[PDB]
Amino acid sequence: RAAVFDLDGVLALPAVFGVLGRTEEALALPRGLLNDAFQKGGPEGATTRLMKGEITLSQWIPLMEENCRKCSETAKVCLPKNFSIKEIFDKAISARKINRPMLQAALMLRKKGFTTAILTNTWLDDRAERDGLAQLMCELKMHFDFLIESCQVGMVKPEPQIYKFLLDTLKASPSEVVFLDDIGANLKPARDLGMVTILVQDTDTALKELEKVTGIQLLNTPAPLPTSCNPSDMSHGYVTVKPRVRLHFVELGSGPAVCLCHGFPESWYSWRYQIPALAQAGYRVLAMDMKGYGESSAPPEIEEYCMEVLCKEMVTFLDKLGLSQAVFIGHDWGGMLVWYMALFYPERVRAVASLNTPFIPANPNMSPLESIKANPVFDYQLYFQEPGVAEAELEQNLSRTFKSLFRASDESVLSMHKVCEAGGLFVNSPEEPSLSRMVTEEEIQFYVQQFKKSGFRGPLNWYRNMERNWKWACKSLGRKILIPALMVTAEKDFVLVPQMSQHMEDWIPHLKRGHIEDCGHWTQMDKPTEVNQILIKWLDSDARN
(Lines of atoms letter the chains of each structure in order from A and count residues from 1; the text may use other names and numbers.)
(Lines give C-alpha, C1' and ligand atoms only; values in the text may rest on other atoms or scores of the structure.)
Protein backbone atom coordinates (compact mmCIF):
# COMPACT_ATOMS: atom_id res chain seq x y z
CA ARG A 1 0.00 0.00 0.00
CA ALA A 2 1.18 3.57 -0.65
CA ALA A 3 0.44 7.35 -0.70
CA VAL A 4 1.53 10.15 -3.03
CA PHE A 5 1.04 13.84 -2.20
CA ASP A 6 1.48 16.74 -4.62
CA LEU A 7 3.63 19.44 -3.14
CA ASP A 8 1.71 22.65 -3.90
CA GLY A 9 -1.84 22.78 -2.55
CA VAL A 10 -1.48 19.56 -0.55
CA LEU A 11 1.74 19.80 1.47
CA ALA A 12 2.32 23.49 0.66
CA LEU A 13 -0.03 26.02 2.32
CA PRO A 14 -1.08 28.82 -0.12
CA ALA A 15 -0.85 26.76 -3.35
CA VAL A 16 1.19 29.05 -5.60
CA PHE A 17 -1.19 28.42 -8.55
CA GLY A 18 -3.73 30.50 -6.57
CA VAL A 19 -1.66 33.73 -6.57
CA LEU A 20 -2.36 34.55 -10.27
CA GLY A 21 -5.92 34.91 -8.95
CA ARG A 22 -5.05 36.77 -5.75
CA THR A 23 -2.67 39.09 -7.60
CA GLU A 24 -5.22 39.66 -10.37
CA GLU A 25 -7.92 40.85 -7.93
CA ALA A 26 -5.50 43.19 -6.14
CA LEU A 27 -4.54 45.11 -9.29
CA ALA A 28 -8.15 44.66 -10.33
CA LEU A 29 -6.96 43.09 -13.59
CA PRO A 30 -9.28 41.14 -16.00
CA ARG A 31 -10.27 37.98 -14.11
CA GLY A 32 -8.16 34.93 -14.98
CA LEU A 33 -5.78 37.05 -17.09
CA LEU A 34 -2.71 35.69 -15.27
CA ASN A 35 -3.46 31.93 -14.80
CA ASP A 36 -3.94 32.24 -18.55
CA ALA A 37 -0.48 33.57 -19.48
CA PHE A 38 0.94 30.97 -17.05
CA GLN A 39 -0.39 28.38 -19.51
CA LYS A 40 0.29 29.31 -23.16
CA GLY A 41 0.77 26.75 -25.97
CA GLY A 42 -0.28 23.69 -23.96
CA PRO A 43 2.99 21.60 -24.15
CA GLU A 44 5.05 24.11 -26.19
CA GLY A 45 4.37 26.37 -23.22
CA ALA A 46 7.19 28.18 -21.48
CA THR A 47 5.68 26.92 -18.25
CA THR A 48 5.70 23.27 -19.42
CA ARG A 49 9.31 23.54 -20.59
CA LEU A 50 10.19 24.83 -17.14
CA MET A 51 8.16 21.93 -15.71
CA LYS A 52 10.31 19.48 -17.63
CA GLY A 53 13.47 21.23 -16.52
CA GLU A 54 14.42 22.53 -19.97
CA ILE A 55 14.71 26.09 -18.72
CA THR A 56 15.60 27.54 -15.31
CA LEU A 57 13.10 29.63 -13.36
CA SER A 58 15.11 32.82 -14.00
CA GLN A 59 14.66 31.97 -17.71
CA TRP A 60 10.94 31.42 -17.67
CA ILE A 61 10.16 34.61 -15.75
CA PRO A 62 10.68 36.78 -18.90
CA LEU A 63 8.73 34.44 -21.17
CA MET A 64 5.86 34.91 -18.64
CA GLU A 65 6.52 38.64 -18.52
CA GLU A 66 5.78 38.75 -22.26
CA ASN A 67 2.54 36.73 -22.32
CA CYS A 68 1.44 39.53 -19.95
CA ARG A 69 1.78 41.89 -22.95
CA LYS A 70 -0.24 39.47 -25.13
CA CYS A 71 -2.71 38.00 -22.61
CA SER A 72 -3.85 41.46 -21.53
CA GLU A 73 -3.37 42.85 -25.09
CA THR A 74 -5.96 40.64 -26.92
CA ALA A 75 -8.54 41.25 -24.16
CA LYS A 76 -7.89 44.93 -24.97
CA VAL A 77 -6.33 46.01 -21.65
CA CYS A 78 -3.12 47.34 -20.15
CA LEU A 79 -0.89 46.79 -17.10
CA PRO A 80 1.10 48.82 -14.46
CA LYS A 81 4.50 50.32 -15.40
CA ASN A 82 6.49 47.84 -13.25
CA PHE A 83 4.54 44.56 -13.29
CA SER A 84 6.85 42.18 -11.40
CA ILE A 85 5.98 38.56 -12.20
CA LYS A 86 9.21 38.11 -10.33
CA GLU A 87 8.25 39.98 -7.15
CA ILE A 88 4.75 38.50 -7.18
CA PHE A 89 6.21 35.01 -7.41
CA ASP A 90 8.83 35.46 -4.68
CA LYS A 91 6.23 36.51 -2.14
CA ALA A 92 3.92 33.61 -3.09
CA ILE A 93 6.83 31.17 -2.63
CA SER A 94 8.23 32.58 0.61
CA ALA A 95 4.57 32.54 1.74
CA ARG A 96 3.81 28.82 1.30
CA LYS A 97 4.31 26.77 4.44
CA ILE A 98 3.86 23.09 5.34
CA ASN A 99 0.36 21.67 5.72
CA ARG A 100 1.25 20.31 9.14
CA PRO A 101 -1.83 18.03 9.43
CA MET A 102 -1.11 16.62 5.98
CA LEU A 103 2.52 15.96 6.71
CA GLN A 104 1.26 14.41 9.93
CA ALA A 105 -0.80 11.94 7.88
CA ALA A 106 1.98 10.98 5.44
CA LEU A 107 4.13 10.42 8.50
CA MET A 108 1.55 8.15 10.16
CA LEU A 109 0.97 5.98 7.10
CA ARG A 110 4.71 5.48 6.81
CA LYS A 111 4.69 4.76 10.56
CA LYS A 112 2.13 2.04 9.94
CA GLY A 113 3.97 0.76 6.91
CA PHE A 114 3.26 2.84 3.81
CA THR A 115 5.79 3.78 1.15
CA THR A 116 4.94 7.47 1.00
CA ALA A 117 6.06 9.92 -1.70
CA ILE A 118 5.70 13.31 -3.41
CA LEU A 119 4.79 13.68 -7.10
CA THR A 120 5.14 17.33 -8.08
CA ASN A 121 5.46 19.63 -11.10
CA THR A 122 8.37 21.87 -10.25
CA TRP A 123 10.85 24.26 -11.85
CA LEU A 124 14.58 24.53 -11.37
CA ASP A 125 14.85 27.38 -8.87
CA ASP A 126 17.91 29.47 -9.86
CA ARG A 127 16.34 32.63 -8.46
CA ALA A 128 18.32 34.82 -6.10
CA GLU A 129 16.08 33.60 -3.29
CA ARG A 130 16.03 29.90 -4.32
CA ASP A 131 17.44 28.91 -0.95
CA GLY A 132 14.08 29.50 0.71
CA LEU A 133 12.28 26.90 -1.33
CA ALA A 134 15.31 24.57 -1.19
CA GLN A 135 15.12 25.10 2.61
CA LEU A 136 11.45 24.00 2.88
CA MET A 137 12.09 21.25 0.39
CA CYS A 138 14.49 19.78 2.89
CA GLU A 139 12.07 19.81 5.77
CA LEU A 140 9.52 17.92 3.66
CA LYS A 141 11.75 15.77 1.45
CA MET A 142 13.08 14.25 4.68
CA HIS A 143 9.80 12.61 5.73
CA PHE A 144 9.07 10.86 2.44
CA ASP A 145 10.45 7.66 0.99
CA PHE A 146 10.54 9.25 -2.47
CA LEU A 147 10.30 12.74 -3.97
CA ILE A 148 9.58 12.79 -7.70
CA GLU A 149 10.15 16.15 -9.33
CA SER A 150 8.93 16.96 -12.83
CA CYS A 151 11.93 19.11 -13.75
CA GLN A 152 14.15 16.25 -12.68
CA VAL A 153 12.44 13.41 -14.61
CA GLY A 154 11.74 15.46 -17.73
CA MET A 155 8.08 14.53 -17.31
CA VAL A 156 5.17 16.63 -16.07
CA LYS A 157 2.17 15.77 -13.84
CA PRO A 158 -0.57 15.22 -16.51
CA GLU A 159 1.44 13.03 -18.95
CA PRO A 160 0.51 9.46 -18.04
CA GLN A 161 4.21 8.69 -18.51
CA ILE A 162 5.22 10.24 -15.21
CA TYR A 163 2.56 8.12 -13.49
CA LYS A 164 3.78 4.80 -14.95
CA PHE A 165 7.14 6.21 -13.77
CA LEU A 166 6.01 7.00 -10.20
CA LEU A 167 4.21 3.66 -10.13
CA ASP A 168 7.47 2.08 -11.29
CA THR A 169 9.75 3.65 -8.67
CA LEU A 170 7.02 2.88 -6.14
CA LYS A 171 7.40 -0.87 -6.91
CA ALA A 172 3.61 -1.11 -6.84
CA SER A 173 0.33 -1.55 -8.74
CA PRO A 174 -2.25 1.24 -9.06
CA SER A 175 -4.79 -0.57 -6.85
CA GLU A 176 -2.36 -0.51 -3.85
CA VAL A 177 -1.91 3.27 -3.71
CA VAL A 178 -3.79 6.51 -3.18
CA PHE A 179 -2.92 9.78 -4.86
CA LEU A 180 -3.91 13.21 -3.50
CA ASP A 181 -3.83 16.30 -5.72
CA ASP A 182 -5.58 19.70 -5.76
CA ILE A 183 -5.96 19.40 -9.54
CA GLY A 184 -8.54 17.19 -11.23
CA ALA A 185 -6.62 17.12 -14.50
CA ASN A 186 -3.71 15.41 -12.75
CA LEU A 187 -5.70 12.69 -11.02
CA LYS A 188 -7.73 11.32 -13.90
CA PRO A 189 -4.56 9.42 -14.98
CA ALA A 190 -4.24 7.81 -11.55
CA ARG A 191 -7.90 6.82 -11.53
CA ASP A 192 -7.91 5.87 -15.25
CA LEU A 193 -4.88 3.69 -14.33
CA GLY A 194 -6.12 2.11 -11.10
CA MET A 195 -4.95 3.97 -7.98
CA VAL A 196 -7.46 5.36 -5.48
CA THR A 197 -7.80 9.12 -5.89
CA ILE A 198 -8.73 12.11 -3.69
CA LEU A 199 -9.24 15.70 -4.77
CA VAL A 200 -7.76 17.87 -2.04
CA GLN A 201 -10.37 20.60 -1.83
CA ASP A 202 -10.06 21.02 1.95
CA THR A 203 -7.46 19.17 4.04
CA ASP A 204 -10.02 18.36 6.71
CA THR A 205 -12.02 16.20 4.25
CA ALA A 206 -9.11 14.94 2.15
CA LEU A 207 -7.80 13.20 5.29
CA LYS A 208 -11.37 12.38 6.11
CA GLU A 209 -11.50 10.40 2.85
CA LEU A 210 -7.92 9.24 3.41
CA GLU A 211 -8.27 7.77 6.91
CA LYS A 212 -11.46 6.36 5.43
CA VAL A 213 -9.88 4.66 2.41
CA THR A 214 -7.14 3.36 4.68
CA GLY A 215 -8.87 2.35 7.91
CA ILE A 216 -6.17 4.28 9.80
CA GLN A 217 -6.85 7.22 12.16
CA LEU A 218 -5.27 10.26 10.54
CA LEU A 219 -7.42 13.26 11.57
CA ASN A 220 -7.71 14.87 15.03
CA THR A 221 -5.02 12.44 16.14
CA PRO A 222 -2.71 12.74 19.22
CA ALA A 223 -0.07 15.48 19.00
CA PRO A 224 2.99 13.45 17.78
CA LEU A 225 6.59 13.34 18.99
CA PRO A 226 9.26 15.50 17.37
CA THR A 227 11.58 13.78 14.85
CA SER A 228 13.91 11.14 16.26
CA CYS A 229 17.39 10.43 14.91
CA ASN A 230 18.19 7.46 12.74
CA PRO A 231 21.87 6.72 13.65
CA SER A 232 22.56 5.63 10.06
CA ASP A 233 21.40 8.79 8.33
CA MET A 234 23.48 10.91 10.69
CA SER A 235 26.76 12.63 9.86
CA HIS A 236 29.33 11.17 12.23
CA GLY A 237 32.27 13.38 13.12
CA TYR A 238 35.62 12.68 14.74
CA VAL A 239 38.32 14.73 16.35
CA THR A 240 41.45 13.64 18.09
CA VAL A 241 42.01 16.09 20.91
CA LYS A 242 44.89 14.20 22.49
CA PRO A 243 47.30 11.35 21.78
CA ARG A 244 45.03 8.59 23.03
CA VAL A 245 41.72 10.47 23.04
CA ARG A 246 39.50 10.72 19.99
CA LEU A 247 36.05 12.39 20.26
CA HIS A 248 32.90 11.46 18.31
CA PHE A 249 29.96 13.74 17.61
CA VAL A 250 26.96 13.92 15.28
CA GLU A 251 26.50 16.93 13.04
CA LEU A 252 23.30 18.34 11.60
CA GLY A 253 22.06 21.77 10.67
CA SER A 254 23.92 24.91 9.71
CA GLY A 255 24.32 28.25 11.45
CA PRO A 256 25.37 29.09 15.02
CA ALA A 257 27.13 26.05 16.58
CA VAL A 258 25.23 24.22 19.31
CA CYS A 259 27.17 21.63 21.34
CA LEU A 260 25.09 19.02 23.18
CA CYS A 261 26.74 17.34 26.12
CA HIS A 262 24.69 14.33 27.26
CA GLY A 263 24.61 12.86 30.76
CA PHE A 264 25.23 9.61 32.60
CA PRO A 265 25.04 6.91 31.31
CA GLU A 266 23.73 8.04 27.93
CA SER A 267 25.10 8.96 24.48
CA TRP A 268 24.71 11.51 21.69
CA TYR A 269 21.47 9.61 21.06
CA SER A 270 19.84 11.09 24.18
CA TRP A 271 19.18 14.22 22.14
CA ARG A 272 17.54 12.31 19.33
CA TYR A 273 14.52 14.63 19.63
CA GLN A 274 16.32 17.97 19.86
CA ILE A 275 18.81 17.32 17.06
CA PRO A 276 16.49 17.42 14.03
CA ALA A 277 14.38 20.05 15.79
CA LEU A 278 17.19 22.48 16.64
CA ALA A 279 18.85 21.88 13.31
CA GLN A 280 15.52 22.90 11.82
CA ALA A 281 15.46 25.93 14.15
CA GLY A 282 18.49 27.44 12.42
CA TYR A 283 21.40 25.92 14.29
CA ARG A 284 24.35 23.66 13.71
CA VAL A 285 24.01 20.84 16.19
CA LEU A 286 27.05 18.92 17.36
CA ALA A 287 25.67 16.10 19.53
CA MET A 288 28.64 15.16 21.62
CA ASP A 289 29.48 11.63 22.50
CA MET A 290 31.09 12.50 25.83
CA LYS A 291 34.46 11.16 26.90
CA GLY A 292 34.24 7.50 27.83
CA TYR A 293 30.96 6.90 26.05
CA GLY A 294 30.36 4.98 22.84
CA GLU A 295 32.48 6.10 19.94
CA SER A 296 34.72 8.43 21.92
CA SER A 297 37.94 7.07 23.37
CA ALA A 298 37.63 5.57 26.87
CA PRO A 299 40.92 5.42 28.76
CA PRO A 300 41.03 3.77 32.25
CA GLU A 301 42.63 6.48 34.42
CA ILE A 302 40.12 7.99 36.80
CA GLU A 303 41.91 11.33 36.50
CA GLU A 304 41.36 11.74 32.76
CA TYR A 305 37.71 12.37 33.65
CA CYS A 306 37.87 15.38 35.94
CA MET A 307 36.16 18.53 34.75
CA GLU A 308 39.45 20.29 34.24
CA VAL A 309 40.74 17.91 31.58
CA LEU A 310 37.24 17.28 30.28
CA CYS A 311 37.01 21.02 29.72
CA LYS A 312 40.44 21.65 28.32
CA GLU A 313 39.53 18.85 25.90
CA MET A 314 36.26 20.49 24.83
CA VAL A 315 38.10 23.65 23.92
CA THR A 316 40.71 21.61 22.06
CA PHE A 317 37.73 20.15 20.28
CA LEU A 318 36.51 23.62 19.34
CA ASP A 319 40.02 24.60 18.23
CA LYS A 320 40.57 21.70 15.84
CA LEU A 321 37.05 22.38 14.52
CA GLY A 322 37.72 26.01 13.64
CA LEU A 323 35.08 27.39 16.03
CA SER A 324 35.65 30.66 17.94
CA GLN A 325 33.00 29.49 20.37
CA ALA A 326 29.76 27.56 20.58
CA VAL A 327 26.67 27.31 22.70
CA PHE A 328 27.07 24.42 25.11
CA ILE A 329 23.82 22.91 26.27
CA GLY A 330 24.27 20.18 28.83
CA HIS A 331 22.42 17.56 30.83
CA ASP A 332 23.14 15.57 33.97
CA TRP A 333 26.90 15.57 34.06
CA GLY A 334 26.81 17.24 30.69
CA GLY A 335 25.21 20.06 32.61
CA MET A 336 28.10 20.29 35.07
CA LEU A 337 30.75 20.29 32.34
CA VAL A 338 28.89 23.15 30.80
CA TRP A 339 28.69 25.24 33.97
CA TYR A 340 32.49 24.95 34.33
CA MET A 341 32.96 25.77 30.63
CA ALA A 342 31.21 29.09 31.14
CA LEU A 343 33.17 29.52 34.39
CA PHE A 344 36.63 28.96 32.90
CA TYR A 345 36.26 29.62 29.17
CA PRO A 346 33.69 32.47 28.71
CA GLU A 347 35.26 33.57 25.42
CA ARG A 348 34.51 30.14 23.96
CA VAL A 349 31.00 29.96 25.34
CA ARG A 350 28.41 31.94 23.44
CA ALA A 351 25.59 30.69 25.67
CA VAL A 352 25.25 28.34 28.64
CA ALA A 353 22.31 26.01 29.15
CA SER A 354 21.84 23.09 31.51
CA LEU A 355 18.96 20.70 32.07
CA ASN A 356 18.37 19.50 35.65
CA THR A 357 21.97 20.12 36.74
CA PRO A 358 22.24 23.21 38.99
CA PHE A 359 25.21 25.54 39.16
CA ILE A 360 26.33 24.88 42.73
CA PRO A 361 29.40 26.74 44.10
CA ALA A 362 32.08 24.73 45.91
CA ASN A 363 32.22 24.59 49.71
CA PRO A 364 35.89 25.25 50.55
CA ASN A 365 35.23 24.27 54.16
CA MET A 366 33.56 20.86 53.64
CA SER A 367 35.14 18.31 51.29
CA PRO A 368 32.64 16.92 48.74
CA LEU A 369 33.06 13.38 50.13
CA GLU A 370 31.85 14.77 53.45
CA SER A 371 29.37 17.32 52.06
CA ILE A 372 27.84 14.50 49.89
CA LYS A 373 27.38 11.92 52.66
CA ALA A 374 25.31 14.92 53.85
CA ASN A 375 22.48 13.99 51.42
CA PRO A 376 20.26 10.81 51.33
CA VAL A 377 19.54 10.69 47.56
CA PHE A 378 23.31 10.74 46.83
CA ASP A 379 23.93 7.26 48.37
CA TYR A 380 24.62 5.50 45.07
CA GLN A 381 27.26 8.18 44.59
CA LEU A 382 29.25 6.23 47.22
CA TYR A 383 28.75 2.86 45.57
CA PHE A 384 30.48 4.38 42.54
CA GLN A 385 33.76 5.13 44.28
CA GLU A 386 35.46 1.70 44.21
CA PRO A 387 36.74 1.06 40.70
CA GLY A 388 35.58 -2.33 39.48
CA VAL A 389 32.50 -2.69 41.66
CA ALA A 390 29.88 -0.50 39.90
CA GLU A 391 31.34 -1.43 36.51
CA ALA A 392 30.38 -5.00 37.39
CA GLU A 393 26.64 -5.16 38.00
CA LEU A 394 26.18 -2.53 35.31
CA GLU A 395 28.24 -4.23 32.59
CA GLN A 396 26.56 -7.46 33.77
CA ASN A 397 23.50 -7.20 31.56
CA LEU A 398 23.30 -4.16 29.29
CA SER A 399 19.62 -4.55 28.35
CA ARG A 400 18.45 -4.96 31.97
CA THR A 401 20.56 -1.96 32.98
CA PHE A 402 19.03 0.49 30.57
CA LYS A 403 15.49 -0.79 30.89
CA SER A 404 15.90 -0.20 34.65
CA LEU A 405 17.52 3.26 34.50
CA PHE A 406 15.62 4.84 31.63
CA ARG A 407 12.33 4.75 33.55
CA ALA A 408 9.99 7.64 34.33
CA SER A 409 9.50 8.95 37.89
CA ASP A 410 6.45 6.73 38.43
CA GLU A 411 7.68 3.78 36.33
CA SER A 412 10.71 3.33 38.62
CA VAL A 413 12.11 -0.09 39.65
CA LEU A 414 14.97 1.25 41.81
CA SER A 415 15.55 3.33 44.95
CA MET A 416 19.05 4.91 45.10
CA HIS A 417 18.66 5.58 48.84
CA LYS A 418 20.62 3.00 50.85
CA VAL A 419 22.37 1.12 48.04
CA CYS A 420 25.89 0.32 49.23
CA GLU A 421 24.38 -1.36 52.31
CA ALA A 422 21.88 -2.80 49.84
CA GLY A 423 24.95 -4.18 48.07
CA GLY A 424 24.12 -3.06 44.55
CA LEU A 425 21.87 -0.73 42.58
CA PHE A 426 19.79 -3.59 41.11
CA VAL A 427 19.61 -5.70 44.32
CA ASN A 428 15.85 -5.58 44.55
CA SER A 429 14.81 -5.15 40.92
CA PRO A 430 13.62 -7.58 38.24
CA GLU A 431 16.34 -9.14 36.14
CA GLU A 432 14.04 -8.46 33.19
CA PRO A 433 12.38 -5.05 33.72
CA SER A 434 9.32 -4.20 31.65
CA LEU A 435 9.99 -1.72 28.84
CA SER A 436 9.63 1.91 29.90
CA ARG A 437 6.90 3.83 28.11
CA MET A 438 9.43 6.52 27.18
CA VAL A 439 11.53 4.26 24.96
CA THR A 440 11.05 1.55 22.29
CA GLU A 441 12.85 -1.78 22.54
CA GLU A 442 15.07 -0.57 19.67
CA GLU A 443 16.12 2.69 21.28
CA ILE A 444 17.34 0.46 24.12
CA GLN A 445 19.23 -2.09 22.03
CA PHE A 446 21.02 0.96 20.67
CA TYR A 447 22.43 2.08 24.03
CA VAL A 448 23.20 -1.61 24.40
CA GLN A 449 25.46 -1.88 21.37
CA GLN A 450 27.04 1.45 22.33
CA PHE A 451 28.09 0.38 25.79
CA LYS A 452 29.33 -2.91 24.40
CA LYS A 453 32.41 -0.93 23.37
CA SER A 454 34.13 0.83 26.27
CA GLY A 455 31.80 -0.40 29.04
CA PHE A 456 30.94 1.48 32.25
CA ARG A 457 34.39 2.36 33.62
CA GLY A 458 34.84 5.56 31.67
CA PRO A 459 31.31 6.69 32.57
CA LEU A 460 31.78 5.72 36.25
CA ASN A 461 35.00 7.77 36.52
CA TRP A 462 33.14 11.10 36.16
CA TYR A 463 31.81 10.34 39.65
CA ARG A 464 35.37 9.60 40.73
CA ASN A 465 37.01 13.04 40.80
CA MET A 466 35.14 14.71 43.67
CA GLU A 467 38.23 16.04 45.48
CA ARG A 468 39.81 17.29 42.24
CA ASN A 469 36.67 18.77 40.68
CA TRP A 470 36.08 20.55 43.95
CA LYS A 471 39.60 22.00 44.31
CA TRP A 472 39.58 23.37 40.77
CA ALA A 473 36.08 24.63 41.53
CA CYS A 474 37.32 26.83 44.37
CA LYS A 475 39.55 28.82 42.05
CA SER A 476 36.26 30.16 40.72
CA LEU A 477 34.70 31.35 43.97
CA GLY A 478 35.21 34.95 42.97
CA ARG A 479 34.05 34.45 39.37
CA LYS A 480 30.54 35.25 38.12
CA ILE A 481 28.66 33.90 35.09
CA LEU A 482 27.62 36.97 33.14
CA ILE A 483 27.10 35.28 29.78
CA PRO A 484 23.68 34.20 28.50
CA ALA A 485 22.71 31.20 30.70
CA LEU A 486 19.57 29.09 31.09
CA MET A 487 18.71 26.78 33.97
CA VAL A 488 16.00 24.20 33.23
CA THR A 489 14.45 22.16 36.06
CA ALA A 490 12.26 19.03 36.10
CA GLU A 491 9.47 18.49 38.68
CA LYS A 492 9.75 14.72 39.22
CA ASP A 493 13.53 14.51 39.05
CA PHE A 494 14.38 13.05 42.43
CA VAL A 495 18.20 13.13 42.61
CA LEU A 496 18.65 16.51 40.92
CA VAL A 497 15.49 18.33 42.01
CA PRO A 498 14.48 21.95 41.26
CA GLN A 499 15.27 23.23 44.75
CA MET A 500 19.07 22.73 44.50
CA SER A 501 19.19 25.41 41.79
CA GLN A 502 17.35 28.11 43.71
CA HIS A 503 20.39 30.26 44.57
CA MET A 504 21.84 30.25 41.05
CA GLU A 505 21.06 33.99 40.73
CA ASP A 506 23.79 35.15 43.13
CA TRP A 507 26.32 33.64 40.73
CA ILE A 508 24.34 34.08 37.54
CA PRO A 509 22.52 37.49 37.84
CA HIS A 510 20.72 37.22 34.50
CA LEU A 511 20.02 33.53 34.71
CA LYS A 512 16.78 32.72 32.85
CA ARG A 513 14.75 29.73 33.93
CA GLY A 514 12.70 26.91 32.51
CA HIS A 515 10.76 24.24 34.37
CA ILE A 516 8.86 21.16 33.21
CA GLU A 517 6.36 19.50 35.55
CA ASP A 518 5.48 15.83 35.36
CA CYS A 519 9.02 15.41 34.02
CA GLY A 520 11.51 12.76 35.02
CA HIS A 521 15.30 12.76 34.98
CA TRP A 522 15.70 11.80 31.33
CA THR A 523 14.35 15.18 30.28
CA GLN A 524 15.27 14.77 26.61
CA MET A 525 13.31 11.57 25.93
CA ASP A 526 10.47 12.32 28.35
CA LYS A 527 9.39 15.87 27.44
CA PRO A 528 11.08 16.56 24.06
CA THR A 529 8.37 18.91 22.87
CA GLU A 530 8.76 21.25 25.85
CA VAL A 531 12.52 20.89 25.86
CA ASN A 532 12.67 21.93 22.17
CA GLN A 533 10.10 24.65 22.76
CA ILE A 534 12.05 26.09 25.74
CA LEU A 535 15.57 25.86 24.22
CA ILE A 536 14.62 27.21 20.82
CA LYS A 537 12.83 30.22 22.34
CA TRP A 538 15.87 30.95 24.47
CA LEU A 539 18.35 30.34 21.65
CA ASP A 540 16.62 32.85 19.37
CA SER A 541 16.87 35.75 21.82
CA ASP A 542 19.76 34.91 24.19
CA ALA A 543 22.35 33.21 21.96
CA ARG A 544 21.89 33.89 18.24
CA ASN A 545 21.56 37.47 19.51
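Note that residue numbering begins at 1 and tracks the sequence as displayed. For clarity, a rigid core is taken as the largest C-alpha set superposing within 1.5 Å between two forms.
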property	result
Higher-deviation segment by CA RMS in 9 other deposited structures of this protein, core fitted, 231-239 or 405-413	405-413
Higher-scoring stretch by recorded Cα B factor average, 30-38 or 493-501	30-38
Comparing 316-324 with 354-362, the one whose average Cα B-factor in the PDB entry is higher	354-362
Options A342, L218, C420, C138 - largest CA temperature factor per the record	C420
Most elevated Cα B-factor in the entry, residues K242, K81, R468, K452	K81
Relative C-alpha B-factor of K527, binned into the chain's lowest, middle or highest third	middle
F89 CA temperature factor, ranked by third within the chain	middle
Third of the chain, ranked by Cα B-factor, where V19 sits	highest
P484 by Cα B-factor - lowest, middle or highest third of the modelled chain	middle
Ranked C-alpha temperature factor of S367 among modelled chain residues, by third	highest
